[PDB]
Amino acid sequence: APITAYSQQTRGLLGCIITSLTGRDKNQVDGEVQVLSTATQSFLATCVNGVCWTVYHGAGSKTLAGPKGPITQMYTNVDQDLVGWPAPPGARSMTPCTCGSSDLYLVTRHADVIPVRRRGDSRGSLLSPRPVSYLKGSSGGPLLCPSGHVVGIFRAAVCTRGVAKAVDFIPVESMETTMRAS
């Protein structure tokens, strides 16, 4: 595959509990994708045009801990399972893909890059199936075209008996709609 990734951890269990309570994160931010956590779940945010986008079923209505304290959501759409906070400064903002390619790449929280075949506006087949457990925690993760532009973010896995054969995602078009409607 063309696209590669790696991760870097920035916080541990105690620091996360504290930062959650204070809402103030002074760590330098970097990367195209942020790995997020709350008290109960982990998920990802993809930063696209100055906004870091993730799923509602992960973030709910919560603020994001920021350098100036908690950041309020700029966009909240419960029915599309989409939320967005203004992107922290060091976050590397990605570009929306508009040509729409056939072959897509899902970036997981493990920084693995998984080949996906687009099947429609918001659906993509895994070229080889993976355990559900392997994708869990990667909601909000980007689906990219080979060029590295973002076509959508990971929302739900299509699976049977613990095996995922396809993914449902929120298309960048959805992000347009939410921003305009607000």
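Rigid core here is just the name for the largest C-alpha set that superposes within 1.5 Å across the two forms. In case it trips you up, residue 1 is the first one in the sequence shown, and so on.
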### Query
If you line up the core and then measure how far each C-alpha sits from this form in 6 other deposited structures of this protein, which stretch comes out higher, 75 to 83 or 95 to 103?
95 to 103
### Query
Taking the recorded C-alpha temperature factors, which stretch has the higher mean, 7 to 15 or 162 to 170?
7 to 15
### Query
So which stretch wins on mean C-alpha B-factor, 149 to 157 or 25 to 33?
25 to 33
### Query
Per the PDB entry, which option out of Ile71, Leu106, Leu82, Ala87 has the greatest Cα B factor?
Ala87
#### Entry: Chain thirds of CA B-factor: placement of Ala39
highest
### Message
Is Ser122 in the lowest, middle or highest third of its chain when residues are ranked by C-alpha B-factor?
### Response
middle
### Query
Among the chain's modelled residues, which third holds the C-alpha B-factor of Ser138?
lowest
#### Entry: Cα B factor band for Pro67 (lowest, middle or highest third within the chain)
highest
